[PDB]
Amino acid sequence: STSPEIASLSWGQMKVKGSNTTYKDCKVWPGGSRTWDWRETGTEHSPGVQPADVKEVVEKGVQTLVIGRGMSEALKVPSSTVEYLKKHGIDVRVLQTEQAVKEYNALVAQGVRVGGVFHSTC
């Protein structure tokens, strides 16, 4: 449905207005959110963010997708992963988390269909 608000962000913890839970790492999109457990894809800081990590977001319907790659971006992001999104007409924003949530919510403020995945730590 609509894009929620990321209420709060601190090391290893994030808050999304609308969720009965504050996760560690998370996924957000018009309609809701969800815990982002790398194990579901066995994702590590390398190869890094996998298309499988953000597909569930893409299949929800977003114009822009924001990737929170951590507080130091120690987690890389495959270029094939970004092109993958762009190949779907999606605007991609790759940022350090603290700054990543700032773009996300801003977009949320101007009512854009935005989604994303965030790494609350490094």
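Numbers for residues come from their place in the sequence shown, where the first is 1.
J.: I need to verify one thing: averaged over C-alpha atoms only, is the B-factor higher for 110 to 118 or for 21 to 29?
T.: That would be 21 to 29.
J.: Lowest, middle or highest third: where is residue 88 by Cα B-factor in its chain?
T.: Residue 88: CA B-factor falls in the lowest third of its chain.
J.: For residue 95, does the deposited CA B-factor place it in the lowest, middle or highest third of the chain?
T.: For residue 95, whose C-alpha B-factor we compare with every modelled residue in the chain, the answer is the lowest third.
J.: Among the chain's modelled residues, which third holds the C-alpha B-factor of residue 54?
T.: Within its chain, residue 54 is a middle-third residue by C-alpha B-factor, going by the deposited values.
J.: So where's residue 47 on the chain's Cα temperature factor ranking, which third?
T.: For residue 47, the deposited C-alpha B-factor lands in the highest third.
J.: Thinking about Cα B factors across the chain, which third does residue 35 belong to?
T.: Highest third, going by the recorded CA B-factors of the chain.
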